[PDB]
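Data block below; observations after.
Computed from the coordinates by the stated procedures, all read-outs in this text should not be read as laboratory data. Using ideal geometry, Cβ is built from the backbone for each residue, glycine included, and neighbour counts are taken over all protein chains shown.
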Amino acid sequence: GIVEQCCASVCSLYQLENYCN
Amino acid sequence: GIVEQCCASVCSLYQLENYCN
Amino acid sequence: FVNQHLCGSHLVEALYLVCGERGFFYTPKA
Amino acid sequence: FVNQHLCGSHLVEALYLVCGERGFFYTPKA
């Protein structure tokens, strides 16, 4: 999930854009 | 949509909770 | 705090605070 | 701004800024 991937470890633009509609 | 209902007019807790998962 | 005009990041923040651990979806066009 | 630890309202704000008019979904449990 996003919190594991972007809070508990370092986020990336690839990860964030996976959650855009 | 939420922007029409909560930005362009006054929001409510009923409206906001409609968009919780 | 929710019974006002909420636009932009203010609205995303209200959703964040209201929905809590449930999370939310934010769709401004649709 | 996205290549860091983003937690809580900071993460919801990054999504807001990156996704723009597309909007986004924020699911912290799942």
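Selection of chain B for residues being farther than 15 Å from C:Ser9 by Cα and in a loop (DSSP other than H, G, I, E, B) yields B:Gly1, B:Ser9, B:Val10, B:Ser12, B:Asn18, B:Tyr19, B:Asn21.
Go through the stretch C:1-21 residue by residue and tally those that are at the interface with another protein chain (Cβ under 7 Å from one of its Cβ atoms) and either among the small types (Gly, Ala, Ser) or surrounded by 15 or more Cβ atoms within 10 Å (Cβ to Cβ) (or both). Qualifying residue count for the region: 11. Filtered by the rule that a residue be of a type in the set (S, T, N, Q) and part of a helix (DSSP H, G or I), chain C gives a lone residue, C:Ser9. Of the residues making up chain A, those that are touching a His at 6+ places or on another chain (Cβ under 9 Å), at the interface with another protein chain (Cβ under 7 Å from one of its Cβ atoms) and loosely packed, with under 13 Cβ neighbours inside 10 Å number 0.
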